[PDB]
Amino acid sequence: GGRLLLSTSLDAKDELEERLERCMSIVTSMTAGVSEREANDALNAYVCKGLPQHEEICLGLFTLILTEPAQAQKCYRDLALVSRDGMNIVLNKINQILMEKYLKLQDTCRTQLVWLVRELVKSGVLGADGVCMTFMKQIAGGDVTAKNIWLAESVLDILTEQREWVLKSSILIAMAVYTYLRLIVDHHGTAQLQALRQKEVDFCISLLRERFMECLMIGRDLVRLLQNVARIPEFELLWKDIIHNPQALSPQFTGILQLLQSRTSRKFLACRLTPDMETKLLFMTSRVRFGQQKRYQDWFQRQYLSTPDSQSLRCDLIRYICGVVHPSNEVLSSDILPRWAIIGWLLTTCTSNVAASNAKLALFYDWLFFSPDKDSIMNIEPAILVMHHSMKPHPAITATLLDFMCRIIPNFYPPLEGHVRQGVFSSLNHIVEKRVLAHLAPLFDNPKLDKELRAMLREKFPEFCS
C-alpha cells in the first residue's frame, strides 16, 4: 500500500508511484538525524553531482510535499533553493500525474497538489499556466460529485486570487473562460453549488468584460457556451452588451457575426474531455469494429452518462467527435466504428428534451455558418451520415434532425437568418461535392418520411428535393 495512489488488492503496483517513493527515501536518508542547514548542505551537494541526482532530490521533495502536509512548507522552501532547472522536472511530473493518475490520487495528495500549484503560481514559476490548464482538464463536465466540485472550486480560487498573473497569459484567459463557462451549467441544485456557480459567473464575466479580445480567440463555440448560460442575470446583461453595444466590450468587436464566422480551435474542444474520456473515445473510433460496439458503449455510458447531471457532457462529446476526431482514409474505408454511429448512440442516450435539443444544436453547430474555404467536410459529415444511415433502422432520428435543420435556420438568430440559410446550403452543397452523399433527393424526399416534413424541406431547399 502506497501513500500517493489509491490501490485495491486487484491493482498492479504503479511504476510512477514506485519511483516517487524511492526518490523520497533517498531524500529522507540524507536529511534524517541532522539539522536543517546540514540537510540543505547535503541536498545541495548531491544535486550538484548531476541531473539524475537533481531529479531524485526534486521529485523526493515533491513527493514529501504531496504525502506529508506537516513538512510541505519546509520542503517547498528547500525545493525552491536547490532547483537548478526552474522546477521544470517538478512541473513535468505534476502534468504526468494529472494526465495519467488523477483518478487514483489519494485525497491528502490532491489537497497538497492544489496547495503546491498555488505556491508555484505565487512564485511565478515558468510553465505554471500550463499546469493550471492541465489541472482544469481534470474537472469533469457533467459531474457534481463532492470530489469534482472540490476541484472546480479549488482551481477557481487560485485563478481568482492570482487574477493579475492570470492576465499575463492570453491563452490561459481563454481556456479558463471556456472551462468555467461550461462548468457553470452543471452547478445548481444545492447551496454549495449555488455558491460555486456565482463565483464562476463573476470570474468569467470579469474576464469577458476586461479581456474580450483574448476570449474571442475561442471563436464560434464561445457563442454556444454563452447561449447555454444566457438566463443567468449577469449573462443576460452581457448578451445585451454583445448585441446592442459590442464596441463597449472592445473597439475591435463588431458584433456576433465575427465570432460565429471563426471556427473553434481543437485546443478548446479537447479541454472539456478528461484524459480517460479521450482515450476511450479515440479507442472506439480507431480500434472497435462496426457491429462490436455494444459493450464499449455500455461501459462508457455507465461511467460517464448514467446520471441526470451527466446529460450536459453529451454536447462536449459531440463537438469533440465532430471537430477533433478526423480519421484517416484507411480507417475511413475499413470496418471500424464510424463517427456517425457514435453520434447516433449519443443522441439516443438523451434522457431530457433539453439535453436532446442541445445535442442536436451541437451536432449542427458547424453547419450554421459553414464556409467551404474554412470549415472542413469532416465537421459536417456526421450529421448527414447519421440522417442517411438512420433512415432505415431508426427513421425517427432522421426525421427529428431534418426538422431541426429546417427550424434552426430562421430561429437561431433571426437578424442573421440569411447567413444561416447560406451556411446550411453551403454544407449540403459541400457534402454533395465531396461525395459524402452524392444525391440529397433520396434523403429529402424519402418515402418513409412524413409528407409534411418533406414539404417543409422542399419549401426551404427546392434546389435539393428534385
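Don't overthink the numbering: it's just position in the shown sequence, from 1.
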item	value
Given 81-89 and 381-389, the range whose Cα B-factors average higher in the PDB entry	81-89
Stretch with the greater mean C-alpha B-factor as recorded in the entry, comparing 178-186 against 69-77	69-77
Residue, from 422, 429, 40, 411, that the PDB entry assigns the highest Cα B-factor	40
Residue with highest C-alpha B-factor in the PDB entry, from 362, 131, 140, 248	248
Chain-wide C-alpha B factor ranking for residue 119, given as lowest, middle or highest third	middle
Among modelled residues of the same chain, the CA temperature factor third for residue 367	lowest
CA B-factor ranking of residue 147, expressed as a third of its chain	middle
Position of residue 230 among the chain's modelled residues by C-alpha B-factor, lowest, middle or highest third	lowest
Third of the chain's Cα B-factor distribution that residue 49 belongs to, per the entry	highest
